[PDB]
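Just below is one structure, and these are the notes that go with it.
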Protein chains: 6
Amino acid sequence: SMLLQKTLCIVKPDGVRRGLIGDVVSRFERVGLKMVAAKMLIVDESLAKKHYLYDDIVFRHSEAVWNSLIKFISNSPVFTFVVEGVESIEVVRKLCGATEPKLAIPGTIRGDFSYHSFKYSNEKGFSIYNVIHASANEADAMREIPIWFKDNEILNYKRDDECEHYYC
Amino acid sequence: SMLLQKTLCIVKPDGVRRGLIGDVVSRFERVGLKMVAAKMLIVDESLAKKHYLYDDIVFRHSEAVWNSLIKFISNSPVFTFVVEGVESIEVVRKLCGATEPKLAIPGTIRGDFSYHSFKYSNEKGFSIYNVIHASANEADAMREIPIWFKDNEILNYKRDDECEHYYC
Amino acid sequence: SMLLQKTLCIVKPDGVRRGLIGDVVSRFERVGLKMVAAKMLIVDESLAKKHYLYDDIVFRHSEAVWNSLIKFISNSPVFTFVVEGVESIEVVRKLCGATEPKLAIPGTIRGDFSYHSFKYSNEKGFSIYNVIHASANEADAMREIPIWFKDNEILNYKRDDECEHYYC
Amino acid sequence: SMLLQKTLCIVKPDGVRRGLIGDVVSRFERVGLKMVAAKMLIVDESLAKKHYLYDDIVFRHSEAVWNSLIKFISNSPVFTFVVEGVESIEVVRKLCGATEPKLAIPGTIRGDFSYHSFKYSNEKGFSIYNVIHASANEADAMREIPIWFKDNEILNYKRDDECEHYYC
Amino acid sequence: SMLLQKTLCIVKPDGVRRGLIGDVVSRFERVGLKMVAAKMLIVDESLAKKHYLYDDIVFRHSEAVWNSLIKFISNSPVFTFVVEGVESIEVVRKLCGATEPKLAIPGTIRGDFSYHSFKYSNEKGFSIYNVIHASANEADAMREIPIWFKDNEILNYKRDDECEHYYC
Amino acid sequence: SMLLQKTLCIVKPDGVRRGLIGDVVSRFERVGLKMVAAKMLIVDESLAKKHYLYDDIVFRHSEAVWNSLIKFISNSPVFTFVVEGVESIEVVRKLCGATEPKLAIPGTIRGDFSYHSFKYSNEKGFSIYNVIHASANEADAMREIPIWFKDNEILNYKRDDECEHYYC
Ligand SMILES: Nc1ncnc2c1ncn2[C@@H]1O[C@H](COP(=O)(O)OP(=O)(O)O)[C@@H](O)[C@H]1O
Ligand SMILES: Nc1ncnc2c1ncn2[C@@H]1O[C@H](COP(=O)(O)OP(=O)(O)O)[C@@H](O)[C@H]1O
Ligand SMILES: Nc1ncnc2c1ncn2[C@@H]1O[C@H](COP(=O)(O)OP(=O)(O)O)[C@@H](O)[C@H]1O
Ligand code: VO4
Ligand code: VO4
Ligand code: VO4
């Protein structure tokens, strides 16, 4: 089925330094979404720049924004993983909540585990520290996954609750 | 008080096979709603057919949806229970979330524990598996309860927190 | 296999009145034990005196203990269920913890959810309120299950995680 | 920075009596908010009237509502505390959810832990019991804090995760 | 009843700075123990020295142990509270687990929330950071409570679950 | 310090297929232990038979046990990770609990998440399915880590709570 999608997720340095990795993974395992890849790395500036595209960010935010994003991620630990499921990209975004923790609804990853605002991040010259990245859409997922992951690092296996989600 | 309502709930076979009974019940106990009846059973087709009325499901959806529903429930295990409280029917509906798990809001039962879509269920020709059923309204709760429970299976007792919900 | 067992559990009136049914059920679902029967009822006197047999209780304890068990249970709400699994009788006992809440180890149901002591219950002349009953052994299990359930109320189905516990 | 605020919170007598203090405190600690003051007391009538202002509650509700607020809080236990964080007043309100438990959205403190309605509270003549109070705005927060806390009871320290919220 | 006891608990500066106040308080509320006093303060050196008595700590351990306890607690935030219940002193100790986190049993506060060893702290010259303090015995509890709380700060009220613990 | 240790952990295929990765990881983050490496892979035969060394398994158990272990792990998904901390090897083992789920104490990963017995696994000729592997001792950890990770996959960074565990 073409509705079966893979999405790229990153527990960002704030999530990692706060010990929130298990909490994050569980949110996705609990709804029925399937972890099919995972690795932990220090992000060098080179990879950071390959993940957050300069052209993409400055035409949708600003140059200050993109600079502080690279600052946030470069030479800092992350936990990156791929989630697979029925229309997973949209579902993952729903579970993450709004980009701005101040606005993110309770029950979501960002609404439950973070709170600070854009006004504050702007005022301080730092990036928003919002726990998780998730691919915005299908084109983003397709671009992002190979940036973090080799083909042979994406695993194929059955979760025990598969029939409840995919049907059998 | 007539504001005190009873609502019929079912943890569906997906919820049962996934080991989610306790999770579902705790959601209702935690808010202060009171369990006043419970039974576990294999649903045979006759009962499936009394609960999901042909005329209702076909008017609101289709015959195929009805067929898929009868197939999902029939000869599978459910945990059926009755919840009592102040305007409980509406509150229980809020706690469950939207019918379609893809769109069910995080924090709700269906939002936290399931995720697949109507589009995908149509593609495959199976019912949506959304963990739990709850009576939609007062007329439905009145019809549904006696189908599942005899009068003497509906219990009367006081929860220890009663004065906080019902007042004393 | 002879090792597959069924055991009788009761969430006692203290557990029910405190809104702890979901909590208790989750403990068993989470290790991989399977719920195969459930009912809620107000226990009348003869049922209480069937579950707690005068001769067993006087023998293992005393008459005063029997009387206070009957008082605690009779005319009060319980949620009764049967759990199935590999050597489930011993495993359920382990999860419950020691009879006396004061000494019950943290991590068990009794250790996490109750705390008062035999010394106090004896001083006050009431039963220990320790949240949950479970069959003490195989002979008790075989006696206790049909007191609470008809044969047709014991369910046969497959948990989605069956292969991890029973093997396939 | 001007965006750093303090806000007054009260676990109301219902929350205290229901043993929900820990739950309420964790919600705020978990998002990154900082507890900078805490005390538990029996509220006498005099203090209740300083907290819930007659003129303000009457204009926005009625005299009946105010009397029942005073009756609810007076000579009852509360756990009061102050929360500091970036735009904390708004963030704490989002976390508490709607005044009326019936409509409070799942995920919020009020949505997860209480459920009764305005209609029912009117019908019985008691205040709504919604677990928690939090200052509604900057002005209320500046009035309420000194009513509950002396200046030397507001603590100044660093949480270990400070740099994730305030930056460093 | 002579068995009703009050004990002094302190969430230590490690627990406070790691955002664990709510987690700790919940463990006590959940078993049925009652919070009857609470306050948050920065501990000055003289108070720290009334609580950790030189003669007691040197006789029980060493001068180095007393010194590192004073240094850990002094000028740092604590959340101090009093717990009331049936043999609460012994029960509270069971729930905290062994003094050394390395050996503290899973399920207890120290076991679940900390881990390092006496061996390590001795090497480094610091106190063990084991989250919480609780009175060792009845004499200690009598001595400790007035050091932290005035008599008029110890509250008298009923938990809604009181009849399940004290009986009614 | 000599007491700083790294230990190798594996969420075995049962844990992965059951959606337990988050749960396991949270146990370690929660005590203060630091995740310093992670990957997910399908284990090939040679890697399984390097992790589980024939001679060591035959001496401590038997050839049949070795065979059934290799069948369990080979061509199945795992989540492998390294945990760093003060005497982390012994601590991780405490948190895992007894090898046999039936006996593993409630509070531990194996005790809360699995339950079946050695007697049953031998009866059926399968390996015990106990959710997690962790290095038994320092020699084992030193041998095991490079089998699963390259030097450059082991991360060096500070957790926000570091000062509470390592001291600062
Ligand atoms: N379009 C659909 N496709 C597949 N299954 C459906 C569809 N609509 C409803 N269902 C299934 O039938 C049940 C009954 O439908 P309905 O009464 O509309 O929803 P709800 O149960 O939320 O009130 C749903 O809970 C769901 O399991
Ligand atoms: N119509 C009402 N009936 C009963 N109680 C009410 C009503 N409106 C408000 N209350 C109670 O009075 C408190 C103060 O009201 P208000 O300040 O308007 O809400 P909030 O506390 O959410 O800011 C509420 O928390 C609620 O407990
Ligand atoms: N008697 C047995 N029967 C089946 N499987 C076993 C047996 N003993 C051990 N195993 C499996 O092999 C793994 C390695 O065994 P061992 O090293 O003895 O335990 P541990 O994993 O606790 O170090 C175990 O974790 C378990 O999966
Ligand atoms: O890193 V994000 O594109 O999910 O804000
Ligand atoms: O109520 V019990 O027979 O488990 O002591
Ligand atoms: O810090 V106290 O150890 O004596 O529980």
Side-chain angles (χ1 to χ4, degrees), chain A residues 7-12 15 48 51-53 57 65 69 72-73 78 80 89 92-93 96-101 104 109-110 127-137 140-141 144, chain C residues 7-15 48 51-53 56-57 60-61 65 69 72-73 78 89 92-93 96-100 109-110 127-137 140-141 143-144, chain E residues 7-12 14-15 48 51-53 57 60-61 65-66 68-69 72-73 78 89 92-93 96-100 109-110 127-137 140 144:
Chain A
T7 191
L8 187 106
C9 295
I10 313 172
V11 180
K12 307 176 169 190
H51 181 72
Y52 293 122
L53 289 194
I57 302 303
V65 163
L69 272 175
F72 182 24
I73 259 83
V78 298
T80 310
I89 295 150
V92 163
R93 297 291 283 189
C96 286
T99 301
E100 190 180 18
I109 291 173
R110 293 157 164 164
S127 168
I128 202 72
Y129 284 20
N130 62 357
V131 182
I132 180 158
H133 165 89
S135 306
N137 50 45
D140 290 12
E144 287 168 25
Chain C
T7 190
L8 181 100
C9 304
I10 315 181
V11 179
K12 292 167 165 172
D14 59 333
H51 183 65
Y52 291 125
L53 286 181
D56 293 352
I57 304 298
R60 299 169 207 190
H61 302 280
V65 163
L69 277 167
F72 178 36
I73 302 303
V78 303
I89 299 168
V92 164
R93 303 292 283 181
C96 288
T99 315
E100 183 178 18
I109 297 164
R110 293 169 173 151
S127 189
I128 202 78
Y129 289 13
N130 63 0
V131 184
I132 180 168
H133 166 86
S135 311
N137 51 48
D140 289 8
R143 197 188 64 86
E144 293 169 2
Chain E
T7 193
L8 182 95
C9 301
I10 303 172
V11 176
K12 298 175 167 187
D14 60 325
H51 180 84
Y52 290 118
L53 277 181
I57 305 311
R60 274 172 261 209
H61 299 284
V65 169
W66 171 84
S68 34
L69 286 171
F72 178 31
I73 268 84
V78 297
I89 299 158
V92 161
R93 299 292 283 180
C96 288
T99 308
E100 176 179 24
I109 293 155
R110 294 166 174 158
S127 190
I128 201 93
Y129 286 19
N130 63 355
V131 183
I132 173 157
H133 160 85
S135 304
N137 54 53
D140 281 9
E144 282 164 22

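Side chains included, hydrogens not; waters and symmetry mates left out as well; all remaining heavy atoms used. Every chain is numbered from 1 and lettered A, B, ... according to where its sequence line falls, protein lines coming before strand lines. For ligands, and for the atoms within them, numbers begin at 1 and follow the listed sequence.
Across A/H51 and A/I10, no two heavy atoms sit closer than the pair NE2-CD1, 3.5 Å.
Within ligand 6, counting atoms from 1 as listed, the ones closer than 4.0 Å to a heavy atom of E/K12 are 1 (O). Heavy-atom contacts of A/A134 reach the following atoms of ligand 4: 4 (O) (cutoff under 4.0 Å). Which parts of ligand 4 touch A/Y52 is read off a 4.0 Å heavy-atom cut-off, strictly below it: atoms 1 (O).
Neither the backbone nor the side chain of A/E144 comes within contact range of ligand 4; no heavy atom lies under 4.0 Å. The proximity of E/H51 to ligand 6, defined as any non-hydrogen pair under 4.0 Å, does not occur for either the backbone or the side chain. Within the 4.0 Å heavy-atom criterion, the part of E/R93 lying near ligand 6 is the side chain and not the backbone. The proximity of C/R110 to ligand 5, defined as any non-hydrogen pair under 4.0 Å, is limited to the side chain.
By the salt bridge (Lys or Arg N to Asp or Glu O under 4.0 Å) test, C/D140 pairs with C/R60, sequence neighbours left out.
Not a single donor-acceptor pair under 3.5 Å links the side chain of A/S135 to the backbone N or O of A/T7. Without hydrogens or angle criteria, A/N130 side chain to A/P101 main chain gives no donor-acceptor distance under 3.5 Å.
An N or O contact shorter than 3.5 Å is missing between E/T99 and ligand 6 by distance. Residue C/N130 has no N or O atom closer than 3.5 Å to an N or O atom of ligand 5.
Annotation: side chain of A/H133 is in contact with side chain of A/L8 (closest heavy-atom distance under 4.5 Å). Counting heavy atoms from C-beta on, the side chains of A/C9 and A/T80 never come closer than 4.5 Å.
In terms of protein heavy-atom proximity, atom 2 (V) of ligand 5 is nearest to C/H133 ND1, 2.7 Å.
Between atom CZ of residue E/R110 and atom CD of residue E/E100 there is a gap of 11.0 Å, rounded to the nearest 0.5 Å.
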